[PDB]
Structures are given as C-alpha cells and as structure tokens.
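Read the structure below first, then the notes.
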Amino acid sequence: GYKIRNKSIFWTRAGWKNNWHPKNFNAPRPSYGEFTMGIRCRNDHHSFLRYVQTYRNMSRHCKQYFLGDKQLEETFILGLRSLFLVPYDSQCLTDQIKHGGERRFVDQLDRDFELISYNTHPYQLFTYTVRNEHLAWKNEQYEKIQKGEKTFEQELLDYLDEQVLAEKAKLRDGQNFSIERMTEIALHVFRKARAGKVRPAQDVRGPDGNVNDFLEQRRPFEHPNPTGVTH
Amino acid sequence: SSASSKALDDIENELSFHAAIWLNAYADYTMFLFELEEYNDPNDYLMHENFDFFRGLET
Amino acid sequence: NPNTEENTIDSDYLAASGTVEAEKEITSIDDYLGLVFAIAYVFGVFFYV
Amino acid sequence: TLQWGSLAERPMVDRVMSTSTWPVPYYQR
Amino acid sequence: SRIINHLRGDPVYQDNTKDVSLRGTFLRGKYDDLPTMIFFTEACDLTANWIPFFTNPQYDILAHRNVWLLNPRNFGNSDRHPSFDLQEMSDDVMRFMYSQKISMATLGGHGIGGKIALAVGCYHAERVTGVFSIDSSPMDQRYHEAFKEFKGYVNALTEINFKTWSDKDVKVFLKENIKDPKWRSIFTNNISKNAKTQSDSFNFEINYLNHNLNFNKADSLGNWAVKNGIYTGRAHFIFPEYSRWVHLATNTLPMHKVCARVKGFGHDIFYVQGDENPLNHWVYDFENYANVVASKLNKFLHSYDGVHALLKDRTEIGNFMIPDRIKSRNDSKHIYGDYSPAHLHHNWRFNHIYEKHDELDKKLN
Amino acid sequence: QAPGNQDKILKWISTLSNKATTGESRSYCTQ
Amino acid sequence: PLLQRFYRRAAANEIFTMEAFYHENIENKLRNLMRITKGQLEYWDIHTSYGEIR
Amino acid sequence: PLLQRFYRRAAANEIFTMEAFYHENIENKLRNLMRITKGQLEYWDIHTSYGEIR
Ligand SMILES: CCCCCCCCCCCCCCCCCC(=O)OC[C@H](COP(=O)([O-])OCC(O)COP(=O)([O-])OC[C@@H](COC(=O)CCCCCCCCCCCCCCCCC)OC(=O)CCCCCCCCCCCCCCCCC)OC(=O)CCCCCCCCCCCCCCCCC
C-alpha cells in the first residue's frame, strides 16, 4: 500500500531508532571517590524487590472485585503479565536507558497501583464493563438452553455442518477440502446473516457513493410536514 | 481401526491441541479481515467513532 | 480529523516539540511547564499574543 | 488548477457524483 | 510483419516489484525518426483490438509517432506481481523505456489504462511529453455501476477451475454470468492453453486482480489516491457524451484537480456526440466515436503534446518568449529578459544528434 | 491391485520426510 | 524561510495517506502471519491420513 | 423565472462547442466532396488503358 519513503525516518542524533538514551548536552559522567566530597543522588538498588511487590499488590488488589470469577482472574493475570513484560521484550534497550530504566518502570507501575488501590484505574472499569457484557450474553444462552430452545450460535454450527456435506458430496474429482474453502463458506453465511440484522450503519458509503447517514437526504423534496402523536 | 498404539494417542492429542492453537489464530486474522470490511476511510469518521471501532484505545 | 484540520495540527506538533525537550534534562517538565506559559505572555507581546 | 472561481461558488467544485443525475446536490460530506 | 512487431516472452512471477518487465506490441511509424507513444489498454482487454485503430490510413496516426501497445503488470504477457500501486506500475514503464532506449514518450490509455498513463506523468513528468486519456478520469470509480460489473465479473471468473471444468462448461458459465457482450468476448479471448495442452488459463492474473477489486480499498484500480499527486504536463481527455464511466456533470472536476495545465471543456476536455449505449466505452469499435478520437489525438500529437506549458501551440516555438523569474540563473552578469524555452529531441539521450549537429555548425563558421 | 495402488502412499511419506530437518527426525523417517 | 509550520503540514499530509491505506498495509502484515499459521496446520493434515496409510 | 438571459448563455455554449469541433465537422463535409471528385476521376483512368487494350 504505502510505505514511508524517507530512509532517515528512524535517525536520531544518538543513533538509529534510539529511544533509550537520547543525545543531550548534559551527558552522564563518572565520579571518582578520592576527589568526591559529597553527592546528592536518588538512585538505589531497591527496584528489583519493588518490581516484585508491585506485581503482587496489583494482582491481589484487583482480585478484590472479581467476585471469585476464576476465568477472570486467569485472564487478568495474562493481561497483568503483558504490562510487566514490556521492558523484557521491547525493541528499546531498556538496559541502556539514560538514568536507569529499572527505577523508571517501577516508579511508573507504582502510579498505576495507586489508582488500583482506589479501584479507579481505567483497566479495572474496562474489565467490569467487558465482563458484564459477556455474562449477560452467556446467561441469555443458558436461559434458552434450559427451555430446550436452540441458540443462534448452534443454528449456524448446524447450518454450516450440512453445507460442508453438500460441498464434499459433490467434490469427488478432488478430495482436499482446504481450510480456505471451509472459511469462505462461513463468511458467505456471516455476511448474509449480518446484513439481515437491523444494525446501525458502520460503513461511510453504501452501494452508491452516497453516505448512509440520516443527514444524506438531498433533493428532490418529497416529505411533508411532520405529523403529531395519535390518540 | 478400533484402537492402536496408546503411545500414538500422545501425539493424537498433542497435534490436536497444537492445531486448535493455530486455528484460533487463523480465526483471529480471519474475523479481523471480516470486520475490516465495514471500516473504510478513517479520515471520514469522527474522532470518538474511530475509537469505538478500535475499542481499547480510549481505555 | 487531526490530519486535515491545520488548527489541531499546529497545536499538536507544537506541544510535542515542547515536551520532547524534557530530554534536555532541565528539570521536571511537569513543574516548569506552567512558567513557560507565563513567560510566553512576557515575550509574546512582540507577537501580540 | 489554482483558479477555481469566485469565493461564493467555492463550495461548488467539491462534489464528485458516481451517477448521471441532474441537478446534483453540491454538498460534499 | 514489419509495421506490427510484438516482442514475445513468458510471464514471470516476481517477488520484488522492481524486477518487473512489461511486454507488448510495437507499431513502427511511416517515417524514420518519430517520437514514441505508449498506450495502455483497458484492464483485462486485448492490445490487438487497438491495432486497427492505430493502423488505419484514414487516421494516419503512425505518421506522427511510433506506438507501443503495452500491457501493465499482471495483464497479458507482462510479468506478474500482486501489487497494483500506480507508483510501482509507473516505475515499470520507466525501466521499459530504459531497456528500449526511450528518453521520453507520449502516454495514452483507455479507461483504467488512462489512469495508469496519467499516473506515470504524475510520478515521472520530466520524461513524459503528454497524456491522452480516453473515457477515463483521475477519480475514485469504485462505486460507479460500470466498475461494479467489471468488479463482479472478475469475481465470477474465480469460480471456474480449468483442470476439472470442460470447454463447454466454461462457455455456458460466461454467457449466464456475463451479460455484457464485449466483456464476455474480451474474457474468452484472454483464455489461453499453455504448451503441451497442460491446462487452459487466463492471460491476466485472475487471483491478484480479484483481490485488488474485491478488497475495494485505496490500492484498488477503481480508486485514485491523493498520493498520486498532480500532473504538470499536457493532458487531453476525450470521453463519450453518455458514458457510464465518466459523467459530464461532475466527473470533469477531477481533471482540473489533478492536472495543473488543463484549461477546461472545449480546449483540453471534449465529449463525443453519441447515444446512450453501454458499449460506447469501446470507441474503437464504432467508426463515429473513433473518427473523433483520432482527429483529437492527431491534433494533440501534432500541436499540443510536448509543448511548453506557457506556449499555446507548437506554432509558438521560436516566436513566443516566456518571462523569466529574477535570480533564476547562475550567471551573475546576466541581463534578465524573456526567452523561448528549450524543446529537446525526443531521444536525445540515447543518440548523438546534438554532438553531430554541433560539428556541422562549426563547418558553417 | 499391483499398479497405481502405492502412488498416494509415496506422496505422504515424501512430505513427512521433507518436513524433517534435524538428523534425529530424518533417522525416524528412514525407519 | 522558517519552515517549521510547513514541516507540520508535510507530516500530517503523509499521515493522511497512511490512514487512507490502513486496510492495505494491515492486510499485507497478515498475509505473512497467515502463511506461518497455514504452515503449522500442515502437520495435522499429515496425521489424519496415517490411519488410512496404515 | 425570466429566463431571457439564460437563453443567451445556452446558445453561446452550443456555439462554443461547435467552434471546438470546427475541424471535425468541416472535414466530414469534404469527405463527401472528395468522394464526388474521385467519382468523376474514374473516367480518365479508364481511357488511359484503351491504348493498352487496343
Ligand atoms: C545555538 C543557538 C544559537 C543562537 C544564536 C542567537 C540568535 C541569532 C539570531 C540571528 C538571526 C537569524 C536566526 C536564524 C535561526 C532561526 C531559527 C528559528 O527561528 O527557528 C526555526 C527552527 C526550525 O525552522 P527552520 O526553518 O527549519 O530552521 C532553518 C531556518 O529556517 C533556515 O535554515 P538555514 O539552513 O538557511 O540557516 C541555518 C540557521 C543555523 O543557525 C545556527 O546554527 C545558529 C548559529 C549561531 C548564530 C549564527 C547567526 C548569528 C547572527 C549573525 C548576524 C550577522 C549580522 C551581520 C551584520 C552586518 C551588517 C552590519 O541559520 C544560520 O545559518 C545563521 C547563519 C547566519 C548567516 C548570515 C549571512 C550573512 C548575513 C549578513 C547580513 C547582516 C544583516 C543583519 C540584519 C539583522 C538580522 C536579520 O525552529 C527550531 O529548530 C526550534 C529550536 C530552536 C533552537 C534554539 C533557539 C535558536 C533561536 C531560534 C529562535 C527561537 C526558537 C523558539 C521560538 C519559540 C516560538 C514558539
């Protein structure tokens, strides 16, 4: 499609794609004991254990509001690890960061836990909303199954199993029913099904170039005055 | 045809789970290209509507 | 659209160009960014701000 | 071109229709 | 034989978009040294169909220029590559011009071919003298009914499997699935049987093309992206009065939007008087449409193509002086004044005409 | 029975062998 | 010239294009991930025929 | 409406278009006059061969 044409896009004064130690005039320089009288520094060697305790708190303090949902605790754990594995797998050389990446990430995670302790972190609220929307749909299926009724998801699974038999019952010259064929059969069913639903307009433009919004009503004028409520 | 090489059942269940892993990924990429069909011209959507297509960015 | 409206283009890149200078290591940009706004109305008189 | 017309008729030159319908609404969404 | 010379080769699937070579027919001109014209046919359409148009004594186009009826990538005999980026397909032409030792050429196209021709002038203008587009416009046509049908037919063609399907099964498929007579005939003649009758296939890459059209995004051939930019040179547009592809109402504005030198209707943009007929897209078939296209083409090649922008016609070469911008020349002791711009030989790079005439000039003095 | 009954059995073994990269796997393919 | 404001337009005009080509750019990234996925599914197609081969 | 001024534009636009096709319309008028002229010249080509036939 389109690729960045500038070959020097990732160049910095410090090197190629360097976002760990940008070049600045006041660069780090060494210190010599025999000549150093006093010093004021905030660096220390406590980040490793603070990285550990921070993980335990963020996990244990967020589980307070999961109500024993084991599947959510396990899903949240996978998401929590993705937040702590950022420095271990990033392109950025987190080991060469300016003034210590270890202290930087730890202090950054602490600001997240502060919000987690109050149950105000956006990832928490995002989790509650996403889960409630999920359980409502699983309960809708349960109520339909207890009534002996068939779910919309099973009607497709059953409608797709038969469509495969019809295709392989005529596919006798060959006998390699690829995953590609299996896929485009389902998509042909999904498009037909989705179009059947009364969904809000998602694409800007319909079959014509014109937009599918309620505002795309141009001339000619054929609508009369609006009518009132009926008694 | 009834049963054979209970040791063979080791890879029958290994390759079956291995395939289920990469079938889940195939469905991820397949479903994304399916939803991507209704999304066209990011420059024609409002700001708060684009974030809704890419749910999670606002969070 | 932040890519067609020159009003948000100018303000967005201008702010990004100001905060990226935190790598100059003056001090906490969260502290002195408010003083920059005041200093702008001192020397911005030349530009009628 | 850089000479598109008068200021009053400026919003006229934007519409590009996919059909042969006349007259054409000028507003470009 | 002589006038008709089409280089012969086999398509090669290429992983790199730069190692793509174009192949097509070359029509030699009546006269020894003439500038060259590169013409792109409609998508999935045969180059041979345009031969009687460019080899008609009544029109006498070859008297003006040598014609290269060239196939774009994934079409005809040219190499194959999934990308249809007009910038990539434009670089292909520049390599062809280099391999064939063409310094600069006149570009033409029919329908989607016109887009490809105009794109080359947008990306490589210093080596393009002019563009002549026929029933096309630099516009997004994804939602035009005519394009949808073409987009729809190509998708139906993906259902046929030549290995299993018999010759009769194909003919029945086309008649029912393809209603347009011309498209039907075009697709039939694109079917070819490889050596040793291994199997029959389409001359154009059906897979790469359908994905481009079916996806229906910016890289689609129906789309014209802002990335393509502006064409700085001479451009003439000719399309039928009632055309499904270019509607006179609004589809002329893209020409002004993309072509800087386009003056407007009646000077660089014309419509051919005709009736409503879905087959009017194929002007070369109907004499009435063709006679007008040819006359306008010969006028563009004779008087307007390869002429400096600020000059009206070729008549003004050597007698009209263009104003100069101050501080535009390196010489400091230069008295700025009006000048006649330099018009160079069409293949001055790969010949020594300038070196030769310099010697003859000295002999005079 | 004699002719053409082993063609498919050769395609399967061939692919299984082509996928083998380590020497250990190649040995099992020979067996 | 003081081209600072122009540099901000050129980048925005370039991003305007990257957004217009989002569908194509992403679809090409998946064409390689799907290739990797299809390659791993070849091991299951081989095992399903062992019972018939045997 | 009082479309008098519009009628003057429409007539000018049609004349402007005819001037744009002056070359095509006059060339078509001569193709018939040349066909008539060529038809009368067919007689001189016949008499030139009488000596060869005789
Ligand atoms: C380390 C800091 C140094 C500070 C020096 C102090 C200030 C000196 C002022 C001199 C006046 C001209 C200034 C030119 C620089 C303009 C840069 C600029 O404005 O930013 C654009 C810049 C990006 O825009 P750009 O267009 O891409 O920049 C390139 C230029 O446009 C054009 O690109 P370019 O490649 O063509 O030029 C590169 C640039 C490189 O600049 C440098 O590298 C600085 C080098 C040290 C200073 C050298 C020049 C000092 C002045 C000499 C004056 C000579 C007078 C002789 C008088 C003789 C007659 C008696 O300029 C020069 O090369 C200067 C060379 C001077 C040659 C003179 C030739 C002979 C002229 C003789 C005629 C005399 C007439 C005098 C009349 C009065 C003046 C009109 O923005 C930034 O990069 C932001 C970072 C800012 C850097 C630090 C601050 C520096 C000051 C900039 C203004 C403040 C910025 C923040 C504003 C906040 C608003 C929200």
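Here's how to read the names in the structure tokens: chain A, B, ... by the order shown, residue numbers from 1 in each chain, ligand numbers from 1 in the order shown.
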- Message: Using only C-alpha atoms and all ligand atoms, which residues have at least one atom no more than 8 Å from ligand 1? Output them as a list in words.
- Response: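 Every residue with an atom at most 8 Å from ligand 1 is listed here: residues 14 of chain C; 1, 2, 3, 4 and 7 of chain G.
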Residues as selected, N, CA and C atoms, written as a PDB file, in the first residue's frame, can you do that?
```
ATOM      1  N   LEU C  14       3.254  21.376  17.926  1.00  0.00           N
ATOM      2  CA  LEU C  14       3.916  22.376  18.758  1.00  0.00           C
ATOM      3  C   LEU C  14       4.097  21.871  20.182  1.00  0.00           C
TER       4      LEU C  14
ATOM      5  N   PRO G   1      13.484  31.183   5.533  1.00  0.00           N
ATOM      6  CA  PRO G   1      12.102  30.768   5.262  1.00  0.00           C
ATOM      7  C   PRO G   1      11.284  30.476   6.513  1.00  0.00           C
ATOM      8  N   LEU G   2      11.904  29.877   7.531  1.00  0.00           N
ATOM      9  CA  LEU G   2      11.221  29.467   8.758  1.00  0.00           C
ATOM     10  C   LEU G   2      10.115  28.451   8.450  1.00  0.00           C
ATOM     11  N   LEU G   3      10.557  27.275   8.014  1.00  0.00           N
ATOM     12  CA  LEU G   3       9.679  26.221   7.530  1.00  0.00           C
ATOM     13  C   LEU G   3       9.118  25.340   8.630  1.00  0.00           C
ATOM     14  N   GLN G   4       9.119  25.787   9.883  1.00  0.00           N
ATOM     15  CA  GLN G   4       8.621  24.939  10.958  1.00  0.00           C
ATOM     16  C   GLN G   4       7.171  24.543  10.715  1.00  0.00           C
ATOM     17  N   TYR G   7       6.798  21.954   7.928  1.00  0.00           N
ATOM     18  CA  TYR G   7       7.150  20.606   8.352  1.00  0.00           C
ATOM     19  C   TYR G   7       5.988  19.921   9.052  1.00  0.00           C
TER      20      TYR G   7
END
```
Neighbours of range 1-18 of chain F within 9 Å (only C-alpha atoms; same-chain residues fewer than 6 positions away dropped), as a PDB file with N, CA, C and O atoms, in the first residue's frame?
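File produced: selection_1.pdb:
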```
ATOM      1  N   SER F  25      15.155 -36.625  13.451  1.00  0.00           N
ATOM      2  CA  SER F  25      13.899 -36.860  12.750  1.00  0.00           C
ATOM      3  C   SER F  25      14.134 -37.598  11.440  1.00  0.00           C
ATOM      4  O   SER F  25      13.367 -38.498  11.079  1.00  0.00           O
ATOM      5  N   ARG F  26      15.192 -37.231  10.717  1.00  0.00           N
ATOM      6  CA  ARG F  26      15.487 -37.890   9.450  1.00  0.00           C
ATOM      7  C   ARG F  26      15.719 -39.381   9.642  1.00  0.00           C
ATOM      8  O   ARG F  26      15.361 -40.182   8.770  1.00  0.00           O
ATOM      9  N   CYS F  29      12.444 -41.112   9.917  1.00  0.00           N
ATOM     10  CA  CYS F  29      11.817 -41.183   8.602  1.00  0.00           C
ATOM     11  C   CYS F  29      12.351 -42.364   7.805  1.00  0.00           C
ATOM     12  O   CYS F  29      11.599 -43.022   7.076  1.00  0.00           O
ATOM     13  N   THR F  30      13.648 -42.648   7.928  1.00  0.00           N
ATOM     14  CA  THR F  30      14.212 -43.808   7.247  1.00  0.00           C
ATOM     15  C   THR F  30      13.597 -45.094   7.775  1.00  0.00           C
ATOM     16  O   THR F  30      13.227 -45.982   6.997  1.00  0.00           O
TER      17      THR F  30
ATOM     18  N   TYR G  43       0.938 -30.042   9.674  1.00  0.00           N
ATOM     19  CA  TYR G  43       1.277 -31.224  10.454  1.00  0.00           C
ATOM     20  C   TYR G  43       0.042 -32.035  10.817  1.00  0.00           C
ATOM     21  O   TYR G  43       0.136 -33.250  11.015  1.00  0.00           O
ATOM     22  N   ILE G  46      -1.238 -34.259   7.812  1.00  0.00           N
ATOM     23  CA  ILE G  46      -0.433 -35.454   7.596  1.00  0.00           C
ATOM     24  C   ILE G  46      -0.870 -36.572   8.531  1.00  0.00           C
ATOM     25  O   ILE G  46      -0.919 -37.742   8.140  1.00  0.00           O
ATOM     26  N   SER G  49      -4.103 -38.777   7.762  1.00  0.00           N
ATOM     27  CA  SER G  49      -4.005 -39.786   6.719  1.00  0.00           C
ATOM     28  C   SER G  49      -3.207 -41.010   7.144  1.00  0.00           C
ATOM     29  O   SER G  49      -3.162 -41.990   6.395  1.00  0.00           O
ATOM     30  N   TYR G  50      -2.591 -40.985   8.326  1.00  0.00           N
ATOM     31  CA  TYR G  50      -1.791 -42.123   8.768  1.00  0.00           C
ATOM     32  C   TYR G  50      -2.653 -43.365   8.953  1.00  0.00           C
ATOM     33  O   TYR G  50      -2.243 -44.472   8.586  1.00  0.00           O
ATOM     34  N   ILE G  53      -3.193 -44.671   5.539  1.00  0.00           N
ATOM     35  CA  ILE G  53      -1.953 -45.218   5.000  1.00  0.00           C
ATOM     36  C   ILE G  53      -1.656 -46.568   5.632  1.00  0.00           C
ATOM     37  O   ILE G  53      -1.201 -47.502   4.961  1.00  0.00           O
TER      38      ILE G  53
END
```
- Item | All alpha helix (DSSP H) positions in range 73-132 of chain A, as a ChimeraX atom specification | /A:73-84,86-89,101-117,122-132
Onto chain G, please fit chain H by least squares using all C-alpha atoms in order, then return the transformed chain as a CSV table (one decimal) with N, CA, C and O atoms, in the first residue's frame.
```
chain,number,residue,atom,x,y,z
H,1,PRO,N,13.6,31.1,5.5
H,1,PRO,CA,12.2,30.6,5.2
H,1,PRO,C,11.4,30.4,6.5
H,1,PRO,O,10.2,30.7,6.5
H,2,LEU,N,12.0,29.8,7.5
H,2,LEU,CA,11.3,29.4,8.8
H,2,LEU,C,10.2,28.4,8.4
H,2,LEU,O,9.0,28.7,8.6
H,3,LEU,N,10.6,27.2,8.0
H,3,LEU,CA,9.7,26.2,7.5
H,3,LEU,C,9.2,25.3,8.6
H,3,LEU,O,8.7,24.2,8.3
H,4,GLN,N,9.2,25.8,9.8
H,4,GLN,CA,8.7,24.9,10.9
H,4,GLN,C,7.2,24.5,10.7
H,4,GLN,O,6.8,23.3,10.8
H,5,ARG,N,6.4,25.5,10.4
H,5,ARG,CA,5.0,25.2,10.1
H,5,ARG,C,4.7,24.3,8.9
H,5,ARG,O,3.8,23.5,8.9
H,6,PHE,N,5.6,24.4,7.9
H,6,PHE,CA,5.5,23.5,6.8
H,6,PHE,C,5.8,22.1,7.1
H,6,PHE,O,5.1,21.2,6.7
H,7,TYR,N,6.8,21.9,7.9
H,7,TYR,CA,7.2,20.5,8.3
H,7,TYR,C,6.0,19.8,9.0
H,7,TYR,O,5.9,18.6,9.0
H,8,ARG,N,5.2,20.6,9.7
H,8,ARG,CA,4.0,20.0,10.4
H,8,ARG,C,2.9,19.6,9.4
H,8,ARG,O,2.2,18.6,9.7
H,9,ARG,N,2.8,20.3,8.3
H,9,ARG,CA,1.9,20.0,7.3
H,9,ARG,C,2.3,18.7,6.5
H,9,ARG,O,1.5,17.8,6.3
H,10,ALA,N,3.6,18.7,6.2
H,10,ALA,CA,4.1,17.5,5.4
H,10,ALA,C,4.0,16.2,6.2
H,10,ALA,O,3.6,15.2,5.6
H,11,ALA,N,4.2,16.3,7.5
H,11,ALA,CA,4.1,15.1,8.3
H,11,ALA,C,2.6,14.7,8.4
H,11,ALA,O,2.3,13.5,8.4
H,12,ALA,N,1.7,15.7,8.5
H,12,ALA,CA,0.3,15.4,8.5
H,12,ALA,C,-0.2,14.8,7.2
H,12,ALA,O,-1.1,13.9,7.2
H,13,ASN,N,0.3,15.3,6.1
H,13,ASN,CA,-0.1,14.8,4.8
H,13,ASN,C,0.3,13.4,4.6
H,13,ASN,O,-0.4,12.6,3.9
H,14,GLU,N,1.5,13.0,5.1
H,14,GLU,CA,1.9,11.6,4.9
H,14,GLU,C,1.1,10.7,5.8
H,14,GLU,O,0.8,9.6,5.5
H,15,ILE,N,0.8,11.2,7.0
H,15,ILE,CA,0.0,10.4,7.9
H,15,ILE,C,-1.4,10.2,7.4
H,15,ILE,O,-2.1,9.1,7.4
H,16,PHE,N,-2.0,11.3,6.8
H,16,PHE,CA,-3.3,11.2,6.2
H,16,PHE,C,-3.3,10.2,5.1
H,16,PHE,O,-4.3,9.5,4.9
H,17,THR,N,-2.2,10.1,4.3
H,17,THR,CA,-2.1,9.1,3.3
H,17,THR,C,-2.0,7.7,3.8
H,17,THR,O,-2.5,6.7,3.2
H,18,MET,N,-1.3,7.5,4.9
H,18,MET,CA,-1.2,6.2,5.5
H,18,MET,C,-2.5,5.7,6.0
H,18,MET,O,-2.9,4.5,5.9
H,19,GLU,N,-3.3,6.6,6.7
H,19,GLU,CA,-4.6,6.3,7.1
H,19,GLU,C,-5.5,5.9,5.9
H,19,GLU,O,-6.4,5.0,6.1
H,20,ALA,N,-5.3,6.5,4.8
H,20,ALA,CA,-6.0,6.1,3.6
H,20,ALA,C,-5.7,4.7,3.1
H,20,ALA,O,-6.6,4.0,2.5
H,21,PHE,N,-4.5,4.2,3.4
H,21,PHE,CA,-4.1,2.9,3.0
H,21,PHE,C,-4.0,2.0,4.3
H,21,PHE,O,-3.2,1.0,4.3
H,22,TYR,N,-4.8,2.2,5.3
H,22,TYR,CA,-4.8,1.4,6.5
H,22,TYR,C,-5.2,0.0,6.2
H,22,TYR,O,-4.6,-1.0,6.6
H,23,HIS,N,-6.2,-0.2,5.3
H,23,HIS,CA,-6.7,-1.5,5.0
H,23,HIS,C,-5.7,-2.3,4.2
H,23,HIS,O,-5.5,-3.5,4.5
H,24,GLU,N,-5.0,-1.7,3.3
H,24,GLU,CA,-4.1,-2.4,2.4
H,24,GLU,C,-2.8,-2.8,3.2
H,24,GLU,O,-2.3,-3.9,3.0
H,25,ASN,N,-2.3,-1.9,4.1
H,25,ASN,CA,-1.1,-2.2,4.8
H,25,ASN,C,-1.3,-3.2,5.9
H,25,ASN,O,-0.4,-4.0,6.1
H,26,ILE,N,-2.4,-3.2,6.6
H,26,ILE,CA,-2.7,-4.2,7.6
H,26,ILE,C,-3.0,-5.6,7.0
H,26,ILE,O,-2.6,-6.6,7.5
H,27,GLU,N,-3.7,-5.6,5.9
H,27,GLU,CA,-4.0,-6.8,5.2
H,27,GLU,C,-2.7,-7.5,4.7
H,27,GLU,O,-2.7,-8.7,4.6
H,28,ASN,N,-1.7,-6.7,4.3
H,28,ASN,CA,-0.5,-7.3,3.9
H,28,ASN,C,0.3,-7.8,5.1
H,28,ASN,O,1.1,-8.8,5.0
H,29,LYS,N,0.1,-7.2,6.3
H,29,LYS,CA,0.8,-7.7,7.5
H,29,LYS,C,0.2,-9.1,7.9
H,29,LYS,O,0.9,-9.9,8.5
H,30,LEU,N,-1.1,-9.3,7.7
H,30,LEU,CA,-1.7,-10.6,8.0
H,30,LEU,C,-1.5,-11.7,7.1
H,30,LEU,O,-1.4,-12.9,7.4
H,31,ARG,N,-1.3,-11.3,5.8
H,31,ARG,CA,-0.9,-12.4,4.8
H,31,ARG,C,0.3,-13.1,5.2
H,31,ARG,O,0.5,-14.3,4.8
H,32,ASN,N,1.2,-12.5,5.9
H,32,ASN,CA,2.4,-13.2,6.4
H,32,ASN,C,2.1,-14.0,7.7
H,32,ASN,O,2.6,-15.1,7.8
H,33,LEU,N,1.2,-13.5,8.5
H,33,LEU,CA,0.8,-14.2,9.7
H,33,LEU,C,0.0,-15.4,9.4
H,33,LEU,O,0.0,-16.4,10.1
H,34,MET,N,-0.8,-15.3,8.3
H,34,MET,CA,-1.6,-16.4,7.9
H,34,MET,C,-0.7,-17.4,7.2
H,34,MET,O,-1.0,-18.6,7.3
H,35,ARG,N,0.3,-17.0,6.5
H,35,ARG,CA,1.2,-17.9,5.9
H,35,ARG,C,1.9,-18.8,7.0
H,35,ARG,O,2.2,-20.0,6.8
H,36,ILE,N,2.3,-18.1,8.1
H,36,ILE,CA,2.9,-18.8,9.2
H,36,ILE,C,1.9,-19.8,9.8
H,36,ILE,O,2.2,-20.9,10.2
H,37,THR,N,0.6,-19.3,10.0
H,37,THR,CA,-0.4,-20.1,10.6
H,37,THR,C,-0.7,-21.4,9.7
H,37,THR,O,-0.8,-22.5,10.2
H,38,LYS,N,-0.8,-21.1,8.4
H,38,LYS,CA,-1.1,-22.3,7.5
H,38,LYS,C,0.1,-23.3,7.5
H,38,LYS,O,-0.1,-24.5,7.4
H,39,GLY,N,1.3,-22.8,7.7
H,39,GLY,CA,2.4,-23.7,7.7
H,39,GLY,C,2.4,-24.6,8.9
H,39,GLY,O,2.9,-25.8,8.8
H,40,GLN,N,1.9,-24.2,10.1
H,40,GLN,CA,1.8,-25.0,11.2
H,40,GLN,C,0.7,-26.0,11.1
H,40,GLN,O,0.7,-27.1,11.8
H,41,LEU,N,-0.4,-25.7,10.4
H,41,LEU,CA,-1.5,-26.6,10.2
H,41,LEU,C,-1.2,-27.7,9.2
H,41,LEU,O,-2.0,-28.6,9.0
H,42,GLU,N,-0.1,-27.7,8.5
H,42,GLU,CA,0.3,-28.7,7.6
H,42,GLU,C,0.6,-30.0,8.3
H,42,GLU,O,0.5,-31.1,7.7
H,43,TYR,N,0.9,-30.0,9.6
H,43,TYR,CA,1.2,-31.2,10.3
H,43,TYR,C,0.0,-32.0,10.7
H,43,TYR,O,0.0,-33.3,10.6
H,44,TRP,N,-1.2,-31.4,11.0
H,44,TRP,CA,-2.4,-32.1,11.3
H,44,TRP,C,-3.0,-32.8,10.1
H,44,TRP,O,-3.6,-33.8,10.2
H,45,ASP,N,-2.7,-32.2,8.9
H,45,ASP,CA,-3.2,-32.8,7.7
H,45,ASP,C,-2.5,-34.1,7.4
H,45,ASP,O,-3.0,-35.0,6.7
H,46,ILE,N,-1.2,-34.2,7.8
H,46,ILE,CA,-0.4,-35.4,7.6
H,46,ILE,C,-0.8,-36.5,8.5
H,46,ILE,O,-0.8,-37.7,8.1
H,47,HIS,N,-1.1,-36.2,9.8
H,47,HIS,CA,-1.4,-37.3,10.7
H,47,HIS,C,-2.8,-37.9,10.4
H,47,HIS,O,-3.0,-39.0,10.8
H,48,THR,N,-3.7,-37.1,9.8
H,48,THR,CA,-5.0,-37.6,9.5
H,48,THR,C,-5.0,-38.8,8.5
H,48,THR,O,-5.8,-39.7,8.5
H,49,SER,N,-3.9,-38.8,7.7
H,49,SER,CA,-3.8,-39.8,6.7
H,49,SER,C,-3.0,-41.0,7.1
H,49,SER,O,-2.9,-42.0,6.4
H,50,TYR,N,-2.4,-41.0,8.3
H,50,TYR,CA,-1.6,-42.1,8.8
H,50,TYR,C,-2.5,-43.4,9.0
H,50,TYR,O,-2.1,-44.5,8.7
H,51,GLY,N,-3.7,-43.2,9.5
H,51,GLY,CA,-4.6,-44.3,9.6
H,51,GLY,C,-5.0,-44.9,8.2
H,51,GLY,O,-5.1,-46.2,8.1
H,52,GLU,N,-5.1,-44.1,7.2
H,52,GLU,CA,-5.4,-44.6,5.9
H,52,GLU,C,-4.1,-45.3,5.3
H,52,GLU,O,-4.3,-46.3,4.5
H,53,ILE,N,-3.0,-44.7,5.6
H,53,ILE,CA,-1.7,-45.3,5.1
H,53,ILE,C,-1.5,-46.7,5.8
H,53,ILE,O,-1.0,-47.6,5.2
H,54,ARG,N,-1.7,-46.7,7.1
H,54,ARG,CA,-1.5,-47.9,7.9
H,54,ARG,C,-2.4,-49.0,7.4
H,54,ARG,O,-2.0,-50.2,7.4
```
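If you look at CA of residue 33 in chain B and CA of residue 202 in chain A, they are 14.8 Å away from each other.
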- Task: Considering only C-alpha atoms, return as a ChimeraX atom specification whatever protein or nucleic-acid residues lie within 9 Å of range 65-72 of chain A, sequence-local ones (same chain, fewer than 4 positions apart) excluded.
- Result: /A:61,76-77,119,124,127-128,131
Since we have the selection now, will you write its residues out, keeping C-alpha atoms, as an mmCIF file, in the first residue's frame?
```cif
data_model
loop_
_atom_site.group_PDB
_atom_site.id
_atom_site.type_symbol
_atom_site.label_atom_id
_atom_site.label_comp_id
_atom_site.auth_asym_id
_atom_site.auth_seq_id
_atom_site.Cartn_x
_atom_site.Cartn_y
_atom_site.Cartn_z
ATOM 1 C CA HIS A 61 -5.890 -5.638 44.930
ATOM 2 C CA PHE A 76 -6.418 -10.728 34.188
ATOM 3 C CA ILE A 77 -3.170 -12.494 35.091
ATOM 4 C CA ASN A 119 -10.475 0.965 42.209
ATOM 5 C CA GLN A 124 -10.417 -2.067 36.066
ATOM 6 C CA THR A 127 -12.743 -5.090 32.847
ATOM 7 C CA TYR A 128 -16.011 -4.780 34.772
ATOM 8 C CA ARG A 131 -17.240 -8.869 31.762
#
```
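The gap separating CA of residue 268 in chain E from CA of residue 323 in chain E is 24.0 Å, in Å to one decimal.
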